[PDB]
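Only one chain is included here, represented as structure tokens and corresponding to the form deposited in one PDB entry.
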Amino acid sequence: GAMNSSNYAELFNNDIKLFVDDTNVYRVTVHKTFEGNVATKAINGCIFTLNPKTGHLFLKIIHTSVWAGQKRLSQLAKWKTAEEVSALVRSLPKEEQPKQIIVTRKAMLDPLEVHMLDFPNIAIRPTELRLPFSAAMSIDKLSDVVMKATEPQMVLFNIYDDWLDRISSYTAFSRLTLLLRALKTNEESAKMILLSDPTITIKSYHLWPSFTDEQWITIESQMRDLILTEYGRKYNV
């Protein structure tokens, strides 16, 4: 059934599973027309499909041409997401197909379920967690490749860089969500925090800085502080 705080440790067993997030699939600036009406202009989007155990991220870039001459785009975006996920699954070898696909938003169950009818033994699950994957675009390396795209394109990343060489997937996923929640709540402060020290570089094949174990602790501390501050501002607590 639904994924929540209790069964959280199942993300990290050896049953292959994928998180799918569709928040940045269909993206628009809203602007005024010459006549004073409101109109939208789409930009390139993406499907964020993540193995929480390995860090393998499958970034399906959704080029704006896909919406051309279509109506009800927000609804179609959901079906497009399920078509692209389902084709990812078909594309993978059998022993690599997921046993479970957990969607971040419940409106994707029916689309994915319909597209996955050929895979009856793959379970499509909702989640009660409020995961911050929509901040995946605050990530310049990903933002940049999305925006530059001239056609549809799959790009493969490890969203945990080399972290698993030193820490467990549980801990890596917790760091990842803490970084993304901070990016979501206050992007400016969050990116200030990671580059504060110009001597800590980003490897070309990495989207996080090469912190030592000790600097990650300090980093994670600073991100927790940031989130908590923002929250008091939000509610006046």
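A residue's number is simply how far along the shown sequence it sits, counting from 1. We call the rigid core whatever largest set of C-alpha positions still superposes within 1.5 Å between the two forms.
Missing here is the form deposited with a partner chain bound; even so, the following discussion is about that form.
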As a check of understanding, the residue in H206, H56, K191, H63 with any heavy atom within 4.5 Å of the partner chain in the deposited complex should be identified as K191
If we test each of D165, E96, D140, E151 for a heavy atom within 4.5 Å of the partner chain in the deposited complex, the one that passes is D140
For the partner chain in the deposited complex, the stretch among 169 to 177, 46 to 54, 193 to 201, 208 to 216 with residues bearing a heavy atom within 4.5 Å is 193 to 201
The mover among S196, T29, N37, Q70 between this form and the one not shown, judged by a CA shift of 2 Å or more on the rigid core, is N37
